[PDB]
Structures are given as structure tokens and as C-alpha cells.
């Protein structure tokens, strides 16, 4: 199963007999826009096309996925590269800025009944096969106003995991939209910045948030909920969008 490796190790009790357990892969991945290596991110070695797409929108390197005319995932020395053919307009924009594109306040369009949230919380797992085996993954899911988790993606690192989902949803155009993002991690200012960039109005994080995170969500008109556990949830910003 992709992302997982069977490794030899020792339990604290038996330093003389090695055992096997599954460990999660963490390959370095490089996003290469028109030959220029923009970033190397450690990632689970799957859903890289989605990651590449997601990351492009997230960081505001593109406005549309139509801004990309090619994507090939290639092996390298360290690990993997996603070779991305990019609009001259957007490439120059990236060269120039040398992310930081502007965020821009969100509209109020989305609603969410917090009663539908618990069920979604119990199903985040369904998108972490390696997390399940391994304990080393985070996931990011898209949840419709219904509460239904339409799809989701895991990763060794929470941001890459979010980027992948953002990429996913970027490709499910229309039928998705609406809804919210569910994330297994803590919510960091960059996570909310990315979400907002991609038109996400509500973000549910399973753990804590930072001062800066909530401050950013205020100026973005993004609705930030943290400590989302079955029976709990704490909203830091723009509660206007949620019901009981």
C-alpha cells in the first residue's frame, strides 16, 4: 500500500528481538515551474498532481487550473519532482516576486449546521489508509453543507495534505464548492491563508489555533473553528455562518 513501508524495529521490552511495523514514507517533492524549482516539500509519495495544483492556487501562483498546460511527475535523486508547464503571465509573476499574493476578504455564502459535524469527524479516518496503519499522517477533507465528506487526502505534513485537497476540489469544480474544509491538524496561519485563497469560507480544525491564525481569519472573513472533536468545537471567527 502506497506511502507505507514495513520496517524493522525494537519494542522497549525486547531490545534483542527485532519486530516489524509499518512506517510512513516521507519523500522530498519539488514543484518545478518551467524548469525552475520553486520549492521542495516533504510529502507522502502519492496525490502529487493534486498537491501541485492545490499548492499553485493556495499560494496564488495561479488563478485557474487553466493556467497550467502540462504536469508530469518524474523521479529524481532525493525523490520526486512535479514538472509543471505554466502560463507565461503566471510564471513571470512568480519570477517577479523574488509569496506573496493578496488574500482578499471572502464573501458570506456558506452556512454550516454544527449538528452535522460530529459524523464528519468520525469519518476523517476514511481518508488516511497510511494514517490508519502508521499514526504519522494528517488528512484534509471536503465536507458539503450536508455534512457529507465527498473526498479527502492525507500526508505526512498538514499543509501538503491541505494543498492536496485544495487540488482535489479544484478538479471537482462545481459539485464541490459550497461546504467547508475539515483538517485533522492544528490550524496555522498559513493553513487559513491557503484555504481563503481558494474560496473556502469555513475551516474546521481538529486541534488548537494560533493568535496569528485567528487574526488572519478575521481579515479574510473566513470562519475558523478549532478543537473540533465529537461533541466539541470552538469558533474563533465569523460565527455568523454556523448554526446549532
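Numbering follows the first chain given and starts at 1.
The entry models residue 98 and residue 99 with a gap of 10 or more deposited residues left without coordinates. With 126-134 and 142-150 compared on mean CA B-factor from the PDB entry, the stretch scoring higher is 142-150.
Two stretches are in play, 175-183 and 34-42, and the higher mean C-alpha B-factor belongs to 175-183. Placement of the Cα temperature factor of residue 4 within the chain: highest third of the modelled residues, per the deposited record. Residue-level temperature factors show residue 102 in the highest third of its chain, judged at the C-alpha atom. In this PDB entry, residue 116 carries a Cα temperature factor that places it within the highest third of its chain's modelled residues. Ranked within its chain, residue 243 lands in the middle third, by CA B factor from the PDB record. The entry lists a Cα temperature factor for residue 19 that places it in the highest third of the chain's modelled residues.
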